[PDB]
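The next block holds one structure in the form of structure tokens; read it before the comments.
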Amino acid sequence: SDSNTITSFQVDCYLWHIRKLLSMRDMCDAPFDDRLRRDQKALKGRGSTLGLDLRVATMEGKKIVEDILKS
Amino acid sequence: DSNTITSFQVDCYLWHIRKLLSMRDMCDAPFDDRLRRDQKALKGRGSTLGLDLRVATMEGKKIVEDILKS
RNA sequence: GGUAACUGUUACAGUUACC
RNA sequence: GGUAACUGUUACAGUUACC
């Protein structure tokens, strides 16, 4: 598999999770929710294409983001 | 509108995180394509709202850290 | 339209913010 | 109606992953 393809998917999953948290707290505007919906479907399609569980990918993306932010 | 401003500040900080991934050469070409699209989009939204991008990015960082704290 | 995701340019319908 | 961003749809041209 292509490493940067996987990494990009895992990071994208984690940042979708962060955006969803904002929406769940009623702190985002309507276009932000529209993009959340578009990206939600896109990540499901990418996960199916790569054969990856979305929850596992999210946790991996969390660790990647945390590792970069710490440096 | 507070939710409009909050969404912009968060989007600014999340763009910053994505750009750091790109600068480490850890991302794929479509990820970079979206980074360029969103750079243009945020410039337009920042102009429309009258908000400084550096300051909004710092405020987005605080918001993101606060909602994650829970 | 190979599957999936996306980008640039264009149009329409619409959403949100602002006037 | 306008400015900006976006969502859906569409036209043209592309990018990446997939032995």
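Order of the sequence lines fixes the chain letters, A, B, ..., with proteins taken first and strands second; residue numbering starts at 1 for each chain.
The nearest heavy atom of RNA chain C to A:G47 and to A:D29 marks one nucleotide each, and the one closer to the 5' end goes with A:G47.
The partner of D:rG1 is C:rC19, judged by Watson-Crick or G-U wobble contacts that both fall below 3.5 Å. When Watson-Crick and G-U wobble pairs are counted only if both distances are under 3.5 Å, D:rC6 pairs with C:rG14.
Atom CG of B:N3 and atom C1' of C:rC18 are 15 Å apart (whole Å). Rounded to whole angstrom, the span from the CD atom of B:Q9 across to the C1' atom of D:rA5 amounts to 16 Å. Per the geometry, CG belonging to A:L15 stands 16 Å off P belonging to C:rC6, to the nearest Å. In this structure, CD1 of B:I5 is placed 15 Å from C1' of D:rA4, rounded to the nearest angstrom. The CZ atom of A:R46 sits 13 Å away from the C1' atom of C:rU7 (whole-angstrom rounding). Residue A:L50 contributes atom CG, which lies 13 Å from atom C1' of C:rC6 at whole-angstrom precision.
Remark: B:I63 CD1 to B:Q9 CD distance equals 4.0 Å, nearest 0.5 Å.
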Got a list of protein N/O to nucleotides 9-12 of chain D N/O distances below 3.5 Å?
none

Please walk me through it: do B:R37 and B:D33 pass side-chain contact (heavy atoms from CB on, under 4.5 Å)?
CA-CA 6 Å; B:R37 151 202 92 182; B:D33 285 341; over 6 Å; no
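In terms of heavy atoms, A:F32 sits closest to A:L22 at CZ-CD2, 3.7 Å.
Considering only side-chain atoms of B:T4, the nucleotide from C:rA5, C:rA17, D:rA17 that sits closest is C:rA17.
Against RNA chain C, the stretch residues 33-42 of chain A makes heavy-atom approaches under 4.0 Å through A:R38, A:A42.
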